[PDB]
Amino acid sequence: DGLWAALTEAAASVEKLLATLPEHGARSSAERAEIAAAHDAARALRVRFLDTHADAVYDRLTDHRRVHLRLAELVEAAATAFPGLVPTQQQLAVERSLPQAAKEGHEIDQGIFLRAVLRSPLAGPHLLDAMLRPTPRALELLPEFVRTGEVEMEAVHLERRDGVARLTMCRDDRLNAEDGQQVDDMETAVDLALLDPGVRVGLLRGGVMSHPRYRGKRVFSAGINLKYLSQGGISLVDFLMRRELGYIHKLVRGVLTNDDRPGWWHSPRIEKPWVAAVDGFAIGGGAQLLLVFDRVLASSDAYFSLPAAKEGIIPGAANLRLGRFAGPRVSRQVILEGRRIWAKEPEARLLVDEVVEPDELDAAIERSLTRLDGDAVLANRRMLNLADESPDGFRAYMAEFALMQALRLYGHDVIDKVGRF
Amino acid sequence: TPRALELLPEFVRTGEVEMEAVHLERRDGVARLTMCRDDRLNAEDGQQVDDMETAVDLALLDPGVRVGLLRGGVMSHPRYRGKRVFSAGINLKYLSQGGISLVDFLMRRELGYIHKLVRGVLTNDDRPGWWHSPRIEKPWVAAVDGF
Ligand SMILES: CC(C)(COP(=O)(O)OP(=O)(O)OC[C@H]1O[C@@H](n2cnc3c(N)ncnc32)[C@H](O)[C@@H]1OP(=O)(O)O)[C@@H](O)C(=O)NCCC(=O)NCCNC(=O)Cc1cc(O)cc(O)c1
Ligand SMILES: CC(C)(COP(=O)(O)OP(=O)(O)OC[C@H]1O[C@@H](n2cnc3c(N)ncnc32)[C@H](O)[C@@H]1OP(=O)(O)O)[C@@H](O)C(=O)NCCC(=O)NCCNC(=O)Cc1cc(O)cc(O)c1
């Protein structure tokens with residue numbers, strides 16, 4: 001051992017330098033280099049500590065894997081039980097108050113933590129299962145939703161109709177640009193759709209926009225909120241990891257329920273098929289979503305892109321999933337070089353099932369919904385998803401992503417690009 | 001057209017003519033026709049035709065022009081502000097109101113500027129080589145923005 005003590009020591013040097021040095025941007029080069037070196041020693045020890053102790057740490061927090069904790073609860077509890085391993089709620093609030101450029105990068109420590117947890121064959125699957133459980137917010141809204149067929153949330157409007165959960169993304173002023181609230185809404189809505197027994201199929205679609213350049217037109221997604229990202233308001237844990245391990249993973253695998261119904265022994269998860277309809281365009285996080293649907297429809301004029309090839313963050317699990325859809329050459333053209341793919345080009349058929357003229361689209365969406373109803377579809381989509389993406393594959397990738405993305409979230413190149421938007 | 005013969009010397013001197021529906025500029029040997037009805041997506045009427053034929057005539061007659069370029073200009077209507085648009089075709093409002101002429105619009109464009117893009121301008125016997133090339137023709141490029 002020796003590693004916990006050495007870490008505690010390196011974290012204290014960091015806190016002493018932060019307490020004594022000037023604010024970020026008033027620091028000299030010597031001072032900038034000193035604090036960077038301190039952060040580096042500490043982060044190195046977080047990695048080494050967790051390489052050997054991750055399972056024991058996770059066992060402490062979850063009572064030897066008998067309590068499912070979601071990400072936000074897990075990292076908070078880790079901070080209080082293991083001071084210096086990951087940041088406290090207080091330390092985060094100071095960070096959140098700063099613009100990205102000025103942050104110390106404490107979230108990186110959370111990336112280290114989550115990487116180590118997800119790498120573990122014991123802890124990893126368990127945390128993934130916790131994130132497939134229904135959100136409390138969704139359990140609380142479920143009876144009203146069953147009664148009313150309707151919930152209005154800040155970023156998402158959800159409506160049950162003809163056996164379909166219609167999720168409409170409705171941030172009309174900013175092209176459905178994504179943030180932490182949207183993720184919370186999306187997961188909540190996805191949870192409701194899955195738990196509601198009067199829902200047989202899901203539908204995800206962008207709502208009518210109100211910004212002058214798009215007034216009266218639907219738009220699917222313009223991807224991550226770049227303004228908020230610059231201003232410091234995009235959370236590694238509560239946005240970037242939450243969406244991947246929560247609603248998006250639930251689209252694929254369903255919601256993990258308690259043993260409280262017949263058939264649980266064969267289907268612990270309630271999964272349903274999902275249709276996405278793309279109006280205008282799907283960019284970044286929105287394009288990423290398409291890699292998880294059972295059916296994808298697009299308007300003739302639409303395009304699909306993951307644009308931040310030069311100075312962007314990793315586009316979620318597109319690096320995991322895209323290759324299976326498009327092969328390695330196209331996958332690199334899209335992600336490494338920012339190739340944008342139009343609905344009407346032949347290669348769109350790698351991502352999109354049906355491309356339809358704007359005036360034929362509503363009806364085509366309605367028909368697609370009726371084709372995905374039965375139990376044969378449920379069984380087949382489950383078997384298809386299992387073959388397409390193994391639980392190990394997903395876990396291994398999300399483990400490395402957790403840290404790789406954390407590092408990109410603080411990269412100088414990203415902070416600069418994002419500040420210019 | 002007479003209108004083109006009358007504007008030709010100023011055009012040769014200046015490299016530039018502003019018309020109601022078309023802006024014409026000589027640059028690097030290229031006649032750049034920009035269709036510039038920014039309020040209505042270059043919707044066509046009798047005046048646009050006159051301007052087009054005039055511009056096409058100038059481009060063909062001007063000896064410092066070797067190639068033509070047709071392109072839509074930047075729009076100003078709110079739904080297209082800052083975006084180029086090539087053409088939304090015939091002015092349907094005018095057509096309803098009675099202002100689309102069979103002869104001065106629908107036949108004129110086909111037999112005039114459009115046919116001149118294909119066959120060139122018929123000149124008088126007033127230059128060497130007329131016996132083999134009574135028509136001055138040049139190549140044309142079109143660039144389509146929007147639709
Ligand atoms: C969509 C566009 C091409 C349209 O161009 P225009 O028609 O000229 O529109 P604009 O006027 O710029 O946008 C209209 C309107 O939406 C706003 N808008 C559009 N997209 C955004 C984003 N992404 N953020 C913030 N605001 C936005 C824009 O600022 C305008 O509002 P005001 O500033 O208040 O006027 C353009 O707006 C654009 O470039 N948007 C940004 C596209 C982009 O780079 N998105 C981010 C890609 N990167 C990710 O998703 C990263 C990501 C997401 C994830 O979910 C996970 C992950 O691991 C990584
Ligand atoms: C082009 C559009 C799809 C753009 O649509 P939106 O994105 O809905 O934008 P809009 O707001 O409609 O257009 C902006 C602006 O341009 C005006 N606009 C656009 N296209 C036109 C046309 N063709 N005419 C008149 N005004 C037009 C429109 O009315 C708006 O201004 P306001 O009326 O002040 O609101 C739409 O406007 C439209 O439907 N245009 C008409 C398309 C059409 O059928 N055109 C005529 C087709 N038929 C021919 O050209 C026939 C023809 C032509 C010839 O030259 C020779 C011949 O032998 C036969």
# chains A, B, ... in the order shown; residues from 1 in each chain; ligands from 1
$ interface_residues --of "chain A" --to "chain B" --cutoff "8 Å" --atoms "only C-alpha atoms" --output "tab-separated table (two decimals) with C-alpha atoms, in the first residue's frame"
chain	number	residue	atom	x	y	z
A	212	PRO	CA	-36.23	33.75	-36.97
A	213	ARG	CA	-33.86	31.75	-39.21
A	214	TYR	CA	-36.05	28.58	-38.66
$ residues_around --residues "range 33-38 of chain A" --least-positions-apart "2" --cutoff "9 Å" --atoms "only C-alpha atoms" --output "VMD selection string"
chain A and resid 10 to 11 13 to 14 17 to 18 21 28 to 31 40 to 43
$ write_last_selection --atoms "N, CA, C and O atoms" --output "PDB file, in the first residue's frame"
ATOM      1  N   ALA A  10      -0.438  14.486  -2.036  1.00  0.00           N
ATOM      2  CA  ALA A  10      -0.451  15.247  -3.319  1.00  0.00           C
ATOM      3  C   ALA A  10      -1.668  16.158  -3.473  1.00  0.00           C
ATOM      4  O   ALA A  10      -1.562  17.295  -3.969  1.00  0.00           O
ATOM      5  N   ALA A  11      -2.814  15.705  -3.004  1.00  0.00           N
ATOM      6  CA  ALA A  11      -4.020  16.568  -2.964  1.00  0.00           C
ATOM      7  C   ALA A  11      -3.869  17.796  -2.036  1.00  0.00           C
ATOM      8  O   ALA A  11      -4.351  18.885  -2.358  1.00  0.00           O
ATOM      9  N   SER A  13      -0.878  19.332  -1.258  1.00  0.00           N
ATOM     10  CA  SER A  13      -0.045  20.293  -2.046  1.00  0.00           C
ATOM     11  C   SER A  13      -0.877  21.073  -3.058  1.00  0.00           C
ATOM     12  O   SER A  13      -0.585  22.233  -3.335  1.00  0.00           O
ATOM     13  N   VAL A  14      -1.849  20.411  -3.683  1.00  0.00           N
ATOM     14  CA  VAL A  14      -2.705  21.085  -4.656  1.00  0.00           C
ATOM     15  C   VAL A  14      -3.522  22.155  -3.952  1.00  0.00           C
ATOM     16  O   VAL A  14      -3.501  23.308  -4.403  1.00  0.00           O
ATOM     17  N   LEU A  17      -1.347  25.163  -2.896  1.00  0.00           N
ATOM     18  CA  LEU A  17      -1.035  26.029  -4.079  1.00  0.00           C
ATOM     19  C   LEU A  17      -2.255  26.824  -4.546  1.00  0.00           C
ATOM     20  O   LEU A  17      -2.163  28.011  -4.809  1.00  0.00           O
ATOM     21  N   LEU A  18      -3.419  26.198  -4.571  1.00  0.00           N
ATOM     22  CA  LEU A  18      -4.614  26.932  -4.962  1.00  0.00           C
ATOM     23  C   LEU A  18      -4.990  28.036  -3.975  1.00  0.00           C
ATOM     24  O   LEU A  18      -5.411  29.123  -4.392  1.00  0.00           O
ATOM     25  N   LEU A  21      -1.776  30.744  -4.438  1.00  0.00           N
ATOM     26  CA  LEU A  21      -1.455  31.419  -5.715  1.00  0.00           C
ATOM     27  C   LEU A  21      -2.572  32.353  -6.118  1.00  0.00           C
ATOM     28  O   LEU A  21      -3.687  32.238  -5.601  1.00  0.00           O
ATOM     29  N   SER A  28       1.489  33.792 -13.190  1.00  0.00           N
ATOM     30  CA  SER A  28       2.699  33.798 -14.025  1.00  0.00           C
ATOM     31  C   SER A  28       2.957  32.398 -14.586  1.00  0.00           C
ATOM     32  O   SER A  28       2.274  31.438 -14.204  1.00  0.00           O
ATOM     33  N   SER A  29       3.926  32.295 -15.496  1.00  0.00           N
ATOM     34  CA  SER A  29       4.239  31.021 -16.185  1.00  0.00           C
ATOM     35  C   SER A  29       4.777  30.016 -15.181  1.00  0.00           C
ATOM     36  O   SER A  29       4.380  28.850 -15.198  1.00  0.00           O
ATOM     37  N   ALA A  30       5.705  30.480 -14.339  1.00  0.00           N
ATOM     38  CA  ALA A  30       6.289  29.667 -13.261  1.00  0.00           C
ATOM     39  C   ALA A  30       5.192  29.089 -12.359  1.00  0.00           C
ATOM     40  O   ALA A  30       5.238  27.907 -12.005  1.00  0.00           O
ATOM     41  N   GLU A  31       4.228  29.947 -12.004  1.00  0.00           N
ATOM     42  CA  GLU A  31       3.063  29.577 -11.174  1.00  0.00           C
ATOM     43  C   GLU A  31       2.109  28.612 -11.903  1.00  0.00           C
ATOM     44  O   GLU A  31       1.722  27.582 -11.347  1.00  0.00           O
ATOM     45  N   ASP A  40      -0.900  17.169 -11.945  1.00  0.00           N
ATOM     46  CA  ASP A  40      -0.400  15.951 -12.600  1.00  0.00           C
ATOM     47  C   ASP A  40       0.035  14.852 -11.627  1.00  0.00           C
ATOM     48  O   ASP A  40      -0.348  13.681 -11.762  1.00  0.00           O
ATOM     49  N   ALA A  41       0.771  15.229 -10.591  1.00  0.00           N
ATOM     50  CA  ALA A  41       1.184  14.242  -9.570  1.00  0.00           C
ATOM     51  C   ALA A  41      -0.024  13.645  -8.864  1.00  0.00           C
ATOM     52  O   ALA A  41      -0.089  12.409  -8.643  1.00  0.00           O
ATOM     53  N   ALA A  42      -0.975  14.510  -8.524  1.00  0.00           N
ATOM     54  CA  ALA A  42      -2.163  14.047  -7.799  1.00  0.00           C
ATOM     55  C   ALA A  42      -3.020  13.111  -8.656  1.00  0.00           C
ATOM     56  O   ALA A  42      -3.426  12.021  -8.224  1.00  0.00           O
ATOM     57  N   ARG A  43      -3.281  13.542  -9.885  1.00  0.00           N
ATOM     58  CA  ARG A  43      -4.081  12.730 -10.818  1.00  0.00           C
ATOM     59  C   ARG A  43      -3.418  11.397 -11.111  1.00  0.00           C
ATOM     60  O   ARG A  43      -4.083  10.345 -11.070  1.00  0.00           O
TER      61      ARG A  43
END
$ closest_residue --among "B:104, B:45, B:53, B:125" --to "ligand 2" --atoms "only C-alpha atoms and all ligand atoms"
B:45
$ residues_around --residues "residue 121 in chain B" --least-positions-apart "4" --cutoff "10 Å" --atoms "only C-alpha atoms" --output "JSON, numbers by chain"
{"B": [1, 56, 57, 58, 60, 61, 112, 113, 115, 116, 117, 134, 135, 136, 137, 138]}
$ residues_near_ligand --ligand "ligand 2" --cutoff "9 Å" --atoms "only C-alpha atoms and all ligand atoms" --output "PyMOL selection string"
chain B and resi 38-45+49+77-80+87-95+105-107+109-110+147
$ write_last_selection --atoms "N, CA and C atoms" --output "PDB file, in the first residue's frame"
ATOM      1  N   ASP B  38     -33.624  40.455 -54.547  1.00  0.00           N
ATOM      2  CA  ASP B  38     -33.420  39.997 -53.182  1.00  0.00           C
ATOM      3  C   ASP B  38     -34.687  39.859 -52.289  1.00  0.00           C
ATOM      4  N   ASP B  39     -35.777  40.518 -52.665  1.00  0.00           N
ATOM      5  CA  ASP B  39     -37.068  40.475 -51.933  1.00  0.00           C
ATOM      6  C   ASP B  39     -37.998  39.318 -52.320  1.00  0.00           C
ATOM      7  N   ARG B  40     -37.717  38.629 -53.432  1.00  0.00           N
ATOM      8  CA  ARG B  40     -38.678  37.657 -54.017  1.00  0.00           C
ATOM      9  C   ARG B  40     -38.015  36.404 -54.673  1.00  0.00           C
ATOM     10  N   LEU B  41     -36.828  36.042 -54.206  1.00  0.00           N
ATOM     11  CA  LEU B  41     -36.150  34.831 -54.664  1.00  0.00           C
ATOM     12  C   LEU B  41     -35.928  34.748 -56.171  1.00  0.00           C
ATOM     13  N   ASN B  42     -35.576  35.890 -56.750  1.00  0.00           N
ATOM     14  CA  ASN B  42     -35.322  36.024 -58.213  1.00  0.00           C
ATOM     15  C   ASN B  42     -36.449  35.610 -59.097  1.00  0.00           C
ATOM     16  N   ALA B  43     -37.648  35.702 -58.551  1.00  0.00           N
ATOM     17  CA  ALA B  43     -38.852  35.443 -59.302  1.00  0.00           C
ATOM     18  C   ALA B  43     -38.834  36.289 -60.566  1.00  0.00           C
ATOM     19  N   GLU B  44     -39.186  35.647 -61.680  1.00  0.00           N
ATOM     20  CA  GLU B  44     -39.036  36.220 -63.010  1.00  0.00           C
ATOM     21  C   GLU B  44     -40.262  37.012 -63.483  1.00  0.00           C
ATOM     22  N   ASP B  45     -39.989  38.089 -64.217  1.00  0.00           N
ATOM     23  CA  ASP B  45     -40.996  38.929 -64.907  1.00  0.00           C
ATOM     24  C   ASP B  45     -40.391  39.540 -66.159  1.00  0.00           C
ATOM     25  N   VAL B  49     -36.378  39.614 -67.833  1.00  0.00           N
ATOM     26  CA  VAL B  49     -36.020  39.081 -69.128  1.00  0.00           C
ATOM     27  C   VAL B  49     -35.227  40.134 -69.928  1.00  0.00           C
ATOM     28  N   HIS B  77     -35.202  39.028 -48.182  1.00  0.00           N
ATOM     29  CA  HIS B  77     -36.402  38.476 -47.530  1.00  0.00           C
ATOM     30  C   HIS B  77     -36.031  37.673 -46.233  1.00  0.00           C
ATOM     31  N   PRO B  78     -36.776  37.899 -45.116  1.00  0.00           N
ATOM     32  CA  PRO B  78     -36.441  37.301 -43.809  1.00  0.00           C
ATOM     33  C   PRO B  78     -36.192  35.791 -43.770  1.00  0.00           C
ATOM     34  N   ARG B  79     -36.972  35.021 -44.531  1.00  0.00           N
ATOM     35  CA  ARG B  79     -36.832  33.543 -44.553  1.00  0.00           C
ATOM     36  C   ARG B  79     -35.494  33.099 -45.246  1.00  0.00           C
ATOM     37  N   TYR B  80     -34.853  34.022 -45.988  1.00  0.00           N
ATOM     38  CA  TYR B  80     -33.589  33.731 -46.717  1.00  0.00           C
ATOM     39  C   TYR B  80     -32.465  34.724 -46.456  1.00  0.00           C
ATOM     40  N   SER B  87     -33.123  30.732 -58.398  1.00  0.00           N
ATOM     41  CA  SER B  87     -34.424  31.155 -58.968  1.00  0.00           C
ATOM     42  C   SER B  87     -35.601  30.381 -58.387  1.00  0.00           C
ATOM     43  N   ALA B  88     -36.674  31.108 -58.112  1.00  0.00           N
ATOM     44  CA  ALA B  88     -37.966  30.567 -57.740  1.00  0.00           C
ATOM     45  C   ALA B  88     -38.918  30.625 -58.907  1.00  0.00           C
ATOM     46  N   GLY B  89     -38.388  30.830 -60.093  1.00  0.00           N
ATOM     47  CA  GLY B  89     -39.205  30.711 -61.299  1.00  0.00           C
ATOM     48  C   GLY B  89     -40.146  31.879 -61.492  1.00  0.00           C
ATOM     49  N   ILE B  90     -41.158  31.672 -62.317  1.00  0.00           N
ATOM     50  CA  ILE B  90     -41.973  32.772 -62.772  1.00  0.00           C
ATOM     51  C   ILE B  90     -42.697  33.437 -61.629  1.00  0.00           C
ATOM     52  N   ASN B  91     -42.802  34.764 -61.703  1.00  0.00           N
ATOM     53  CA  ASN B  91     -43.609  35.546 -60.744  1.00  0.00           C
ATOM     54  C   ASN B  91     -45.083  35.201 -60.833  1.00  0.00           C
ATOM     55  N   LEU B  92     -45.537  34.344 -59.915  1.00  0.00           N
ATOM     56  CA  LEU B  92     -46.919  33.841 -59.902  1.00  0.00           C
ATOM     57  C   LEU B  92     -47.951  34.920 -59.538  1.00  0.00           C
ATOM     58  N   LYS B  93     -47.550  35.874 -58.694  1.00  0.00           N
ATOM     59  CA  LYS B  93     -48.416  37.003 -58.334  1.00  0.00           C
ATOM     60  C   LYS B  93     -48.745  37.811 -59.581  1.00  0.00           C
ATOM     61  N   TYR B  94     -47.696  38.189 -60.297  1.00  0.00           N
ATOM     62  CA  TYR B  94     -47.847  38.951 -61.521  1.00  0.00           C
ATOM     63  C   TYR B  94     -48.676  38.185 -62.527  1.00  0.00           C
ATOM     64  N   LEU B  95     -48.404  36.898 -62.663  1.00  0.00           N
ATOM     65  CA  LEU B  95     -49.131  36.032 -63.628  1.00  0.00           C
ATOM     66  C   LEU B  95     -50.644  36.079 -63.353  1.00  0.00           C
ATOM     67  N   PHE B 105     -42.493  38.122 -72.423  1.00  0.00           N
ATOM     68  CA  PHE B 105     -41.876  37.268 -71.413  1.00  0.00           C
ATOM     69  C   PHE B 105     -41.645  35.839 -71.968  1.00  0.00           C
ATOM     70  N   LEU B 106     -42.715  35.111 -72.262  1.00  0.00           N
ATOM     71  CA  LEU B 106     -42.608  33.659 -72.446  1.00  0.00           C
ATOM     72  C   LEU B 106     -41.916  33.261 -73.746  1.00  0.00           C
ATOM     73  N   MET B 107     -42.218  33.944 -74.837  1.00  0.00           N
ATOM     74  CA  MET B 107     -41.489  33.725 -76.085  1.00  0.00           C
ATOM     75  C   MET B 107     -40.161  34.483 -76.139  1.00  0.00           C
ATOM     76  N   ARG B 109     -37.911  35.313 -73.784  1.00  0.00           N
ATOM     77  CA  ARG B 109     -36.819  34.632 -73.126  1.00  0.00           C
ATOM     78  C   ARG B 109     -36.320  33.372 -73.913  1.00  0.00           C
ATOM     79  N   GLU B 110     -37.231  32.602 -74.505  1.00  0.00           N
ATOM     80  CA  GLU B 110     -36.821  31.377 -75.168  1.00  0.00           C
ATOM     81  C   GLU B 110     -36.064  31.647 -76.413  1.00  0.00           C
ATOM     82  N   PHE B 147     -31.957  26.815 -54.537  1.00  0.00           N
ATOM     83  CA  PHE B 147     -32.712  26.010 -55.467  1.00  0.00           C
ATOM     84  C   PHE B 147     -32.873  26.669 -56.821  1.00  0.00           C
TER      85      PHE B 147
END
$ closest_residue --among "B:26, B:59, B:10, B:82" --to "ligand 1" --atoms "only C-alpha atoms and all ligand atoms"
B:82
$ closest_residue --among "B:100, B:5, B:34, B:83" --to "ligand 1" --atoms "only C-alpha atoms and all ligand atoms"
B:83
$ select_by_dssp --residues "range 56-235 of chain A" --states "strand (DSSP E or B)" --output "list in words"
residues 83, 86, 150, 151, 152, 156, 157, 158, 159, 160, 161, 164, 165, 166, 167, 168, 169, 178, 201, 202, 203, 204, 205, 206, 208, 218, 221 and 224 of chain A
$ atom_distance --atom1 "CA of residue 173 in chain A" --atom2 "CA of residue 415 in chain A"
23.8 Å
$ residues_around --residues "residue 351 in chain A" --least-positions-apart "6" --cutoff "9 Å" --atoms "only C-alpha atoms" --output "short mmCIF file (atom, residue, chain, number, x, y, z; two decimals) with C-alpha atoms, in the first residue's frame"
data_model
loop_
_atom_site.label_atom_id
_atom_site.label_comp_id
_atom_site.auth_asym_id
_atom_site.auth_seq_id
_atom_site.Cartn_x
_atom_site.Cartn_y
_atom_site.Cartn_z
CA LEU A 290 -29.63 7.87 -34.47
CA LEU A 291 -27.25 4.99 -33.94
CA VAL A 296 -34.91 6.24 -38.70
CA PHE A 304 -26.25 14.27 -40.49
CA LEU A 322 -20.65 4.33 -36.14
CA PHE A 325 -23.19 1.20 -39.44
CA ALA A 326 -20.74 2.65 -42.00
#
$ residues_around --residues "residue 139 in chain A" --least-positions-apart "4" --cutoff "8 Å" --atoms "only C-alpha atoms" --output "PyMOL selection string"
chain A and resi 134-135+192
$ write_last_selection --atoms "C-alpha atoms" --output "short mmCIF file (atom, residue, chain, number, x, y, z; two decimals), in the first residue's frame"
data_model
loop_
_atom_site.label_atom_id
_atom_site.label_comp_id
_atom_site.auth_asym_id
_atom_site.auth_seq_id
_atom_site.Cartn_x
_atom_site.Cartn_y
_atom_site.Cartn_z
CA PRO A 134 -35.96 4.27 -13.49
CA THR A 135 -35.27 7.84 -12.32
CA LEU A 192 -42.19 7.13 -18.64
#
$ residues_around --residues "residue 44 in chain A" --least-positions-apart "5" --cutoff "10 Å" --atoms "only C-alpha atoms" --output "CSV table (one decimal) with N, CA, C and O atoms, in the first residue's frame"
chain,number,residue,atom,x,y,z
A,7,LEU,N,-1.5,9.9,-2.2
A,7,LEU,CA,-2.5,10.7,-2.8
A,7,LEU,C,-3.0,11.9,-1.9
A,7,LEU,O,-3.1,13.0,-2.4
A,10,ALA,N,-0.4,14.5,-2.0
A,10,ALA,CA,-0.5,15.2,-3.3
A,10,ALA,C,-1.7,16.2,-3.5
A,10,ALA,O,-1.6,17.3,-4.0
A,38,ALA,N,1.5,20.0,-10.0
A,38,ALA,CA,0.9,19.4,-8.8
A,38,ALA,C,-0.3,18.6,-9.1
A,38,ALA,O,-0.5,17.5,-8.5
A,39,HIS,N,-1.2,19.1,-10.0
A,39,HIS,CA,-2.4,18.4,-10.5
A,39,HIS,C,-2.0,17.1,-11.2
A,39,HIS,O,-2.6,16.1,-10.9
A,49,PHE,N,-3.8,4.6,-7.3
A,49,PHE,CA,-4.6,4.2,-6.2
A,49,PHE,C,-5.7,3.3,-6.6
A,49,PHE,O,-5.9,2.2,-6.1
A,109,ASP,N,-10.7,14.4,-12.3
A,109,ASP,CA,-10.6,13.4,-11.2
A,109,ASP,C,-11.9,12.4,-11.2
A,109,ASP,O,-11.8,11.2,-10.9
A,112,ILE,N,-11.3,10.0,-13.9
A,112,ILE,CA,-10.4,8.9,-13.4
A,112,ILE,C,-11.1,7.8,-12.6
A,112,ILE,O,-10.9,6.6,-12.8
$ atom_distance --atom1 "atom 25 (C, counted along the ligand's line) of ligand 1" --atom2 "CA of residue 284 in chain A"
11.9 Å
$ closest_residue --among "B:69, B:46, B:127, B:30" --to "residue 103 in chain B" --atoms "only C-alpha atoms"
B:46
$ atom_distance --atom1 "CA of residue 396 in chain A" --atom2 "CA of residue 120 in chain A"
9.2 Å
$ residues_around --residues "residue 215 in chain A" --least-positions-apart "6" --cutoff "9 Å" --atoms "only C-alpha atoms" --output "PyMOL selection string"
(chain A and resi 172+208-209) or (chain B and resi 79)
$ select_by_dssp --residues "range 7-206 of chain A" --states "helix (DSSP H, G or I)" --output "ChimeraX atom specification"
/A:7-20,29-62,71-81,89-96,100-102,107-119,123-132,136-148,180-195
$ closest_residue --among "A:274, A:265, A:247, A:228" --to "ligand 1" --atoms "only C-alpha atoms and all ligand atoms"
A:228
$ decode --residues "range 4-21 of chain B" --atoms "N, CA and C atoms" --output "mmCIF file, in the first residue's frame"
data_model
loop_
_atom_site.group_PDB
_atom_site.id
_atom_site.type_symbol
_atom_site.label_atom_id
_atom_site.label_comp_id
_atom_site.auth_asym_id
_atom_site.auth_seq_id
_atom_site.Cartn_x
_atom_site.Cartn_y
_atom_site.Cartn_z
ATOM 1 N N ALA B 4 -28.611 46.953 -75.356
ATOM 2 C CA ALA B 4 -27.244 46.439 -75.154
ATOM 3 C C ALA B 4 -26.229 47.177 -75.977
ATOM 4 N N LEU B 5 -26.576 47.464 -77.226
ATOM 5 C CA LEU B 5 -25.668 48.283 -78.081
ATOM 6 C C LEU B 5 -25.373 49.669 -77.451
ATOM 7 N N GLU B 6 -26.394 50.244 -76.827
ATOM 8 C CA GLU B 6 -26.308 51.565 -76.226
ATOM 9 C C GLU B 6 -25.438 51.521 -74.965
ATOM 10 N N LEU B 7 -25.560 50.462 -74.161
ATOM 11 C CA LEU B 7 -24.721 50.310 -72.931
ATOM 12 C C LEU B 7 -23.346 49.757 -73.133
ATOM 13 N N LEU B 8 -23.091 49.230 -74.298
ATOM 14 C CA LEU B 8 -21.806 48.552 -74.513
ATOM 15 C C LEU B 8 -20.544 49.368 -74.253
ATOM 16 N N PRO B 9 -20.434 50.619 -74.792
ATOM 17 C CA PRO B 9 -19.199 51.391 -74.523
ATOM 18 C C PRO B 9 -18.958 51.686 -73.052
ATOM 19 N N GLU B 10 -20.000 52.068 -72.315
ATOM 20 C CA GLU B 10 -19.818 52.273 -70.872
ATOM 21 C C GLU B 10 -19.387 50.959 -70.175
ATOM 22 N N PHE B 11 -19.949 49.840 -70.627
ATOM 23 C CA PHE B 11 -19.639 48.603 -70.055
ATOM 24 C C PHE B 11 -18.196 48.217 -70.316
ATOM 25 N N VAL B 12 -17.765 48.382 -71.557
ATOM 26 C CA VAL B 12 -16.342 48.153 -71.927
ATOM 27 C C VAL B 12 -15.403 49.030 -71.102
ATOM 28 N N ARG B 13 -15.803 50.261 -70.856
ATOM 29 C CA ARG B 13 -14.963 51.183 -70.086
ATOM 30 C C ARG B 13 -14.948 50.837 -68.602
ATOM 31 N N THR B 14 -16.125 50.586 -68.036
ATOM 32 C CA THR B 14 -16.344 50.464 -66.588
ATOM 33 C C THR B 14 -16.207 49.016 -66.042
ATOM 34 N N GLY B 15 -16.557 48.045 -66.862
ATOM 35 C CA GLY B 15 -16.649 46.658 -66.396
ATOM 36 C C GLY B 15 -17.851 46.395 -65.494
ATOM 37 N N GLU B 16 -18.869 47.249 -65.547
ATOM 38 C CA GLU B 16 -19.951 47.199 -64.569
ATOM 39 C C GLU B 16 -21.256 47.839 -65.055
ATOM 40 N N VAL B 17 -22.389 47.175 -64.814
ATOM 41 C CA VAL B 17 -23.707 47.715 -65.096
ATOM 42 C C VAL B 17 -24.654 47.193 -64.060
ATOM 43 N N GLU B 18 -25.415 48.089 -63.451
ATOM 44 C CA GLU B 18 -26.409 47.723 -62.464
ATOM 45 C C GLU B 18 -27.738 47.846 -63.155
ATOM 46 N N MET B 19 -28.519 46.774 -63.176
ATOM 47 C CA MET B 19 -29.883 46.834 -63.725
ATOM 48 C C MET B 19 -30.877 46.430 -62.637
ATOM 49 N N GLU B 20 -32.160 46.596 -62.917
ATOM 50 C CA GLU B 20 -33.168 46.347 -61.900
ATOM 51 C C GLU B 20 -33.086 44.912 -61.320
ATOM 52 N N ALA B 21 -32.910 43.911 -62.182
ATOM 53 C CA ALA B 21 -32.970 42.469 -61.782
ATOM 54 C C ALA B 21 -31.661 41.728 -61.882
#
